[PDB]
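Chains V, C and R are the protein sequences, given in the same order. To convert, take the position in the first sequence, counting from 1, and add 287; that gives this note's numbering. To convert, take the position in the second sequence, counting from 1, and add 71; that gives this note's numbering. To convert, take the position in the third sequence, counting from 1, and add 38; that gives this note's numbering. Some notes on the structure that comes next.
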Amino acid sequence: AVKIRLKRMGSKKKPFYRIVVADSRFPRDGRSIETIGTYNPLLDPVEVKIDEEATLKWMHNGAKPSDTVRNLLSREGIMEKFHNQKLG
Amino acid sequence: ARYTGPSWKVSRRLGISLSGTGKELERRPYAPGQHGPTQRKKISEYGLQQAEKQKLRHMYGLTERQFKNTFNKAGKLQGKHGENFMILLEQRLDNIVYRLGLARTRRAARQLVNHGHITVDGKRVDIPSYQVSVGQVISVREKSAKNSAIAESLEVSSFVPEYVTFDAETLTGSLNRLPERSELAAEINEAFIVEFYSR
Amino acid sequence: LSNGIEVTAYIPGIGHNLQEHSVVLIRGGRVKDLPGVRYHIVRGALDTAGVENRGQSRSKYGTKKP
RNA sequence: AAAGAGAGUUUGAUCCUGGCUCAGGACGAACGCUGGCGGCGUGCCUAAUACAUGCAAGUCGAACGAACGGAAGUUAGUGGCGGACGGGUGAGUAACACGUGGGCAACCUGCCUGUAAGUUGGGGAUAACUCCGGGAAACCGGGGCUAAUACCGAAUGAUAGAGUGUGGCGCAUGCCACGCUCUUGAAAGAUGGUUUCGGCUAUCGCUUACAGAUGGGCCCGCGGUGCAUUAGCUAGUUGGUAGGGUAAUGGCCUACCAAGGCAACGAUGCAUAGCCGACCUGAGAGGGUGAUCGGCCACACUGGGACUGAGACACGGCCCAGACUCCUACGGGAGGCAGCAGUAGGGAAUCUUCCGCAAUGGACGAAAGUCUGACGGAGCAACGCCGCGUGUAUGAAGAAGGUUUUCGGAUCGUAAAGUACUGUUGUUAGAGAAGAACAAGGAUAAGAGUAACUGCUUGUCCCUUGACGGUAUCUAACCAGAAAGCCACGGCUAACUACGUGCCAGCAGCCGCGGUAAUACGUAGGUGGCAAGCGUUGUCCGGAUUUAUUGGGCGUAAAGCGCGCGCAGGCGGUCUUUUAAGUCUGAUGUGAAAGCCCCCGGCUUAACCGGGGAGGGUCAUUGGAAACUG
Ligand SMILES: [Mg+2]
Ligand SMILES: [Mg+2]
Ligand SMILES: [Mg+2]
Ligand SMILES: [Mg+2]
Ligand SMILES: [Mg+2]
Ligand SMILES: [Mg+2]
Ligand SMILES: [Mg+2]
Ligand SMILES: [Mg+2]
Ligand SMILES: [Mg+2]
Ligand SMILES: [Mg+2]
Ligand SMILES: [Mg+2]
Ligand SMILES: [Mg+2]
Ligand SMILES: [Mg+2]
Ligand SMILES: [Mg+2]
Ligand SMILES: [Mg+2]
Ligand SMILES: [Mg+2]
Ligand SMILES: [Mg+2]
Ligand SMILES: [Mg+2]
Ligand SMILES: [Mg+2]
Ligand SMILES: [Mg+2]
Ligand SMILES: [Mg+2]
Ligand SMILES: [Mg+2]
Ligand SMILES: [Mg+2]
Ligand SMILES: [Mg+2]
Ligand SMILES: [Mg+2]
Ligand SMILES: [Mg+2]
Ligand SMILES: [Mg+2]
Ligand SMILES: [Mg+2]
Ligand SMILES: [Mg+2]
Ligand SMILES: [Mg+2]
Ligand SMILES: [Mg+2]
Ligand SMILES: [Mg+2]
Ligand SMILES: [Mg+2]
Ligand SMILES: [Mg+2]
Ligand SMILES: [Mg+2]
Ligand SMILES: [Mg+2]
Ligand SMILES: [Mg+2]
Ligand SMILES: [Mg+2]
Ligand SMILES: [Mg+2]
Ligand SMILES: [Mg+2]
Ligand SMILES: [Mg+2]
Ligand SMILES: [Mg+2]
Ligand SMILES: [Mg+2]
Ligand SMILES: [Mg+2]
Ligand SMILES: [Mg+2]
Ligand SMILES: [Mg+2]
Ligand SMILES: [Mg+2]
Ligand SMILES: [Mg+2]
Ligand SMILES: [Mg+2]
Ligand SMILES: [Mg+2]
Ligand SMILES: [Mg+2]
Ligand SMILES: [Mg+2]
Ligand SMILES: [Mg+2]
Ligand SMILES: [Mg+2]
Ligand SMILES: [Mg+2]
Ligand SMILES: [Mg+2]
Ligand SMILES: [Mg+2]
Ligand SMILES: [Mg+2]
Ligand SMILES: [Mg+2]
Ligand SMILES: [Mg+2]
Ligand SMILES: [Mg+2]
Ligand SMILES: [Mg+2]
Ligand SMILES: [Mg+2]
Ligand SMILES: [Mg+2]
Ligand SMILES: [Mg+2]
Ligand SMILES: [Mg+2]
Ligand SMILES: [Mg+2]
Ligand SMILES: [Mg+2]
Ligand SMILES: [Mg+2]
Ligand SMILES: [Mg+2]
Ligand SMILES: [Mg+2]
Ligand SMILES: [Mg+2]
Ligand SMILES: [Mg+2]
Ligand SMILES: [Mg+2]
Ligand SMILES: [Mg+2]
Ligand SMILES: [Mg+2]
Ligand SMILES: [Mg+2]
Ligand SMILES: [Mg+2]
Ligand SMILES: [Mg+2]
Ligand SMILES: [Mg+2]
Ligand SMILES: [Mg+2]
Ligand SMILES: [Mg+2]
Ligand SMILES: [Mg+2]
Ligand SMILES: [Mg+2]
Ligand SMILES: [Mg+2]
Ligand SMILES: [Mg+2]
Ligand SMILES: [Mg+2]
Ligand SMILES: [Mg+2]
Ligand SMILES: [Mg+2]
Ligand SMILES: [Mg+2]
Numbered sequence: 288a289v290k291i292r293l294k295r296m297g298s299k300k301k302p303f304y305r306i307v308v309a310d311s312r313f314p315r316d317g318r319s320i321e322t323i324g325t326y327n328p329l330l331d332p333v334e335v336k337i338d339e340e341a342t343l344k345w346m347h348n349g350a351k352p353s354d355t356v357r358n359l360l361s362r363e364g365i366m367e368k369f370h371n372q373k374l375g
Numbered sequence: 072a073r074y075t076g077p078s079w080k081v082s083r084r085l086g087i088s089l090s091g092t093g094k095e096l097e098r099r100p101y102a103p104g105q106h107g108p109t110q111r112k113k114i115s116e117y118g119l120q121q122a123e124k125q126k127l128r129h130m131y132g133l134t135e136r137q138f139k140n141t142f143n144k145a146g147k148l149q150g151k152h153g154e155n156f157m158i159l160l161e162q163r164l165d166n167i168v169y170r171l172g173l174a175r176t177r178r179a180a181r182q183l184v185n186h187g188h189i190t191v192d193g194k195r196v197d198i199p200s201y202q203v204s205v206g207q208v209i210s211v212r213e214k215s216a217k218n219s220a221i222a223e224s225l226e227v228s229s230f231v232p233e234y235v236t237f238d239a240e241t242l243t244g245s246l247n248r249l250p251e252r253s254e255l256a257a258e259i260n261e262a263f264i265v266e267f268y269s270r
Numbered sequence: 039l040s041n042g043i044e045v046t047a048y049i050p051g052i053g054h055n056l057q058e059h060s061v062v063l064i065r066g067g068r069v070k071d072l073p074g075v076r077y078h079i080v081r082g083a084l085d086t087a088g089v090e091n092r093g094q095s096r097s098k099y100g101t102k103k104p
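Structure (structure tokens):
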């Protein structure tokens, strides 16, 4: 089951996450299908950059955001679009 | 102060009077050691190239390994490799404080920067090798402020270079623009420095 | 040697303490004067001890700071 | 744009040829002397040797029969999913294993997403439990009783099979769409709202079918190693006919038939080796390597086999055989660190039997939640890279004391000592971060679906969680006080004087120094290179144009076969027309991420870490040009 999740990279006690699409089976920092965006939690206003087009393409093919990703996509505001394109 | 030895013989051995004049001349102007006064000898090509390196290294007072690193990234720019080397070294926080007149010698300036006595853009900086850009303001941030050593060195400051601006009421130094090779040292052969590292 | 090869080494320095049935460390280096000697015995690494009353170039010959 | 350094050594002296040696850079390094700190990384290269002791794979009571509780509320076994992922190693392997590019009209795919049909009716058991029996123990038999989303029939339902009709087609074998006849193939309930109880209904499920996504299977072109003092190799081998088997084509297997197939463009054999992105060096072309990080492969004490499953011939699963260790009451039993730590052994050589699921990602669950030696952190080691501390300024024709002196002086040395100043580091005491998003739970609002709810999807508020750790980081004060070694000084190669020894002790990379005035041995004074280091050894590239495509040669220095006839191969006079294999050029797809390089930004700077870009192919499809080779 392919799902979108964070990927930890950076230095010791300085994490930086890169939103990727990959299977659950593959390692956390291993194979991935493609990359969507990044996520910096250290910045006090957390800044995130997303494709907003590859995500919606993937979520109509059987992709599920994880716990932290869903908060990111909701705050950015594309799960509304996933709502509207589903029923419309 | 990475090199804590006597800063008097190095001028005599090199033959150039570091920090203005007086270290070499007036006193014994010949080389230190037992065989200083007599027993002169010729210099080979290796000696002439090597002696040029020693002038820059001991003038700005920094270690060999940094000298090699800052030389490599100096040559990554566009222009003449030798001239870009002194321009890049001139950017160091030690030299700017020395140029402003807050310290008498580079050793005094390096300690002044080291013991958190200065600030750039209102943030304390303790790295002597910090590379100052153009337009940044450098101050003291009170604390020491009216310090006898800093105030004494302000009076004995001779002149101030045209690429640095400083007024002795707020002590707000700044780099007017990137300096020029002609107005730096003028007693070193940068062509010999670059040839030394290409062998 | 530990791998079962019989070689000829050389003891540097002034005076030693080597005897038959003694364990020593050898390292590379050929001596020109000797016909068949091709290795040097390092001093101060094992049963072989440092040279006595060495004031300078002490890292070689394995003599500690006096 | 980029763009290349030489020196010593054959001779009485010279010019060439020619080898040897040196100056540079890099290690997962080791050893010797020495040793303050912080940040970021790295740490069994040998025995794929043998392994004490702990922990690394479980979960679900919302699928089915118990103990505390006056019968409210929480905890074994059957059953489902997961154990095929995550983690380790480099033995084997010279081949579709890998890299790159294609084909599958010759294939499969649990969980995930969408859509369409339904989820109707029965039956017989068996664990657990309860007795009996056997054995030291592992554990094995017999009798009786019970349930389920466990198991087995039944009704209904195939684009599954057979026989056809039509069309539209493609690459030969053949494909796509629709229609007709006949025959087979399915299922499960659980938790709640409403009503009434009939019944309906929300959520999670269950069966069949089709799509997408994901992960795999098979085939093919090209590419990357030594030996010819290794010339033949092969017999299911090569092709065909019929059948078997597989998810799928195929000698994959079998019966018959024929004798073929490969090789000097290097078969076969021996030796060595996981492959790549990449790493080191180099002006470049190349040469050497494949540790750490990422992708693929093979292996799991040594051989062989299969079961269960969507997926295995399965690291912490099973059966047999072998070697080894252990327990036996002698009948028999139990094991596998190349998982995280750790032990012995080998070695010149490599770390803690630590703290947590707080963050990320996994398995189970509807959810809290449980599991996670993955992963976050901490510990040891100057192993490497980066940063800066061992004090600053002024101060004598110049303190004493070393060391030398043609004895007047010179040098250590502005360094002492003196005066003035600072606290990076230290010691003490006070303040104290980010990493946190959550999930769940509570109110709402809007939607799809409803006879109506419950419930589902999205939005906003309330509440909640830190191993690191009182860590990083500030400000308050006192202290120049606790913090400098290593190698060389004849030339190459920067840096020279005394004393001791007397071809002895000894030095050495090469030339070569030492035989009672040694700038070369040993010690001092002084100097020169670096600095928390510095030297030696081992390995690789360079210099080496010393395998010369870039970039050498064969009269006398090494080097033209003793000469001819000639198969294969290499090369080929002049012009015209055509073609488009070589050649040049445009477009599309791809050459992952990380790394080198370019441009910006964050850590007080750097190392380091982010964002964007570039480069990298004798690559595939397709369109052009016609001078040159064909
Ligand atoms: Mg925050
Ligand atoms: Mg010596
Ligand atoms: Mg001679
Ligand atoms: Mg030569
Ligand atoms: Mg070089
Ligand atoms: Mg070197
Ligand atoms: Mg120490
Ligand atoms: Mg030690
Ligand atoms: Mg190993
Ligand atoms: Mg083995
Ligand atoms: Mg055990
Ligand atoms: Mg545990
Ligand atoms: Mg129950
Ligand atoms: Mg359930
Ligand atoms: Mg239970
Ligand atoms: Mg694996
Ligand atoms: Mg192998
Ligand atoms: Mg490997
Ligand atoms: Mg491929
Ligand atoms: Mg029954
Ligand atoms: Mg029974
Ligand atoms: Mg029974
Ligand atoms: Mg039917
Ligand atoms: Mg039926
Ligand atoms: Mg299903
Ligand atoms: Mg795989
Ligand atoms: Mg096949
Ligand atoms: Mg091949
Ligand atoms: Mg057939
Ligand atoms: Mg065959
Ligand atoms: Mg072969
Ligand atoms: Mg070259
Ligand atoms: Mg290359
Ligand atoms: Mg290893
Ligand atoms: Mg073993
Ligand atoms: Mg099966
Ligand atoms: Mg097996
Ligand atoms: Mg297993
Ligand atoms: Mg396997
Ligand atoms: Mg495994
Ligand atoms: Mg195991
Ligand atoms: Mg056994
Ligand atoms: Mg281990
Ligand atoms: Mg050991
Ligand atoms: Mg040992
Ligand atoms: Mg966790
Ligand atoms: Mg989690
Ligand atoms: Mg679930
Ligand atoms: Mg456990
Ligand atoms: Mg633990
Ligand atoms: Mg870890
Ligand atoms: Mg360290
Ligand atoms: Mg060491
Ligand atoms: Mg004296
Ligand atoms: Mg005196
Ligand atoms: Mg402090
Ligand atoms: Mg405190
Ligand atoms: Mg405090
Ligand atoms: Mg969370
Ligand atoms: Mg919630
Ligand atoms: Mg609501
Ligand atoms: Mg509502
Ligand atoms: Mg909601
Ligand atoms: Mg405190
Ligand atoms: Mg402060
Ligand atoms: Mg003080
Ligand atoms: Mg010299
Ligand atoms: Mg003498
Ligand atoms: Mg010498
Ligand atoms: Mg000597
Ligand atoms: Mg000395
Ligand atoms: Mg010195
Ligand atoms: Mg350093
Ligand atoms: Mg070293
Ligand atoms: Mg070496
Ligand atoms: Mg070459
Ligand atoms: Mg030649
Ligand atoms: Mg010729
Ligand atoms: Mg001759
Ligand atoms: Mg000849
Ligand atoms: Mg002839
Ligand atoms: Mg011919
Ligand atoms: Mg022609
Ligand atoms: Mg021809
Ligand atoms: Mg790439
Ligand atoms: Mg910056
Ligand atoms: Mg980076
Ligand atoms: Mg990048
Ligand atoms: Mg033509
Ligand atoms: Mg044409």
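Cβ atoms here follow ideal geometry from the backbone N, Cα and C, with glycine treated the same way.
Quick one: Cα of residue i to Cα of residue j, how far?
i, j, result
"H152/C", "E161/C", "15 Å"
"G42/R", "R76/R", "17 Å"
"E240/C", "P232/C", "18 Å"
"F263/C", "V208/C", "35 Å"
"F237/C", "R170/C", "10 Å"
"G51/R", "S40/R", "25 Å"
"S224/C", "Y131/C", "19 Å"
Tell me whether residue i sits in a helix, a strand or coil according to DSSP, three-state version.
i, result
"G86/C", "coil"
"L164/C", "helix"
"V356/V", "helix"
"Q202/C", "strand"
"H152/C", "helix"
"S60/R", "coil"
"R362/V", "helix"
"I323/V", "strand"
"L96/C", "coil"
"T46/R", "coil"
"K102/R", "coil"
"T342/V", "helix"
Return the first residue and the last residue of the alpha helix (DSSP H) that residue i is part of.
i, result
"residue 377/V", "Absent from the model: residue 377/V. The displayed extent of chain V is 288 to 375, so no value can be given."
"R128/C", "116–131"
"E261/C", "261–267"
"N371/V", "366–374"
"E226/C", "219–226"
Assign residue i to buried or exposed, taking buried as 16 or more other Cβ atoms, counted over all protein chains shown, within 10 Å of its Cβ.
i, result
"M157/C", "buried"
"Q121/C", "exposed"
"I114/C", "exposed"
"residue 285/C", "It is not possible to answer for residue 285/C, since the shown part of chain C is limited to 72 through 270."
Considering just the uninterrupted stretch of the beta strand (DSSP E) at residue i, what are its terminal residues?
i, result
"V184/C", "Counting along the chain, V184/C falls outside any beta strand (DSSP E), though it belongs to the alpha helix (DSSP H) covering 177–185."
"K290/V", "289–292"
Tell me, please, which residues DSSP counts as bridged to residue i.
i, result
"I79/R", "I64/R"
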